[PDB]
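The chain that follows stands alone, in the form deposited without the named molecule, written as structure tokens.
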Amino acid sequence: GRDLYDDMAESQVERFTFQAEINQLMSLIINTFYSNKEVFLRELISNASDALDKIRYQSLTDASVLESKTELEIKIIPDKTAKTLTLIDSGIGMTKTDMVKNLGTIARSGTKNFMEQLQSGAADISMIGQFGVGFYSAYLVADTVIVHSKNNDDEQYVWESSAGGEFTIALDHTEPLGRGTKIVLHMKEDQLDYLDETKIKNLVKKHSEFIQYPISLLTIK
């Protein structure tokens, strides 16, 4: 059901509006109480794995695609001072238009039906990935989500949203990724426990049993 990757300083920033049902979903995720929000980490890792698969399989038929970053790996960085959780993958990455389309402007087939099932009790929040909208689970635990991405076909871009119906995209001149995606979750005050060393270690272990890529987990001292 996961399909995110399926087929003086001056800055130019473009603003976009979320597709109506995606906007509704984000509001539902933010303005409703959920007891168990661990799915957010499952989705971060699984989406990273999909991105890694996509570039790995593209490399079978075109080996040159890995020249931008030869490693296929995941890095997870909890940072209590910054109040952020970051997950970096060296997967396929997203061009600017990939971000525009896949991170909010284009309708997703499962959004309406997912929201109906949440309202009824037929589904719970842990099942979000099955409905192809798992990315948005980040808003269970984060006020703001920032997505830096670099695809071989484009320059590095950064997408940002604090919900409220809109997102922005701009050229990204921060640390070059080489290739892949860095997602930064600015954690809500009441969700900071997810940055605790043992808590995040256990969660990563729990949600990576079948992941076929190396994971590096940092602790900041």
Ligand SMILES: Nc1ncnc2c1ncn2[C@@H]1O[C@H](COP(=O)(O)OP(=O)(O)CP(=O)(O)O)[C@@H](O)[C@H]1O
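So that the term is clear: the rigid core is the largest set of C-alpha atoms that superpose within 1.5 Å between two forms. The numbering used is simple: start at 1 and walk along the sequence shown.
In 8 other deposited structures of this protein, superposed on the rigid core, the segment with the larger root-mean-square CA displacement between 116-124 and 90-98 is 116-124.
For the pair 129-137 and 72-80, rigid core superposition yields a higher RMS C-alpha distance in 8 other deposited structures of this protein in 129-137.
Gap between residue 7 and residue 8: 4 to 9 deposited residues without coordinates. When the mean C-alpha temperature factors of 64-72 and 179-187 are read from the deposited coordinates, 64-72 comes out higher.
Here the stretch with the larger average CA B-factor, out of 129-137 and 145-153, is 129-137. When the Cα B-factors of 57, 33, 159, 194 are read from the PDB record, 33 comes out highest. Among the modelled residues of its chain, residue 174 has a C-alpha B-factor that falls in the highest third, as given in the PDB entry. Residue 217: CA B factor lies in the lowest third for its chain, per the PDB record.
In the deposited entry, the Cα temperature factor of residue 108 places it in the highest third of its chain's modelled residues. Per the PDB record, residue ranking by Cα B-factor puts residue 85 in the lowest third of the chain. Remark: residue 120 belongs to the highest third of its chain, ranked by C-alpha B-factor as recorded.
Keep in mind the form deposited with the named molecule bound is missing from the figure; the text below concerns it.
In summary, the binding site of this form is blocked: after superposition of the surrounding C-alphas, the named molecule from its pose in the bound PDB entry has 3 or more atoms within 2.4 Å of backbone or C-beta atoms. The named molecule is not shown here, but in the bound PDB entry it comes within 4.5 Å of a heavy atom of residue 94.
In the bound PDB entry, residue 125 stays away from the named molecule, with no heavy atom inside 4.5 Å.
Using a 4.5 angstroms limit between non-hydrogen atoms, residue 50 touches the named molecule in the bound PDB entry. Taking the partner from elsewhere, residue 78 is found to have every heavy atom lying beyond 4.5 Å of the named molecule in the bound PDB entry. The contact residue chosen from 140, 118, 72, 103 relative to the named molecule in the bound PDB entry is 103, the criterion being a non-hydrogen atom within 4.5 angstroms.
Residue 181 is the sole member of 169-201 found to place a heavy atom within 4.5 Å of the named molecule in the bound PDB entry.
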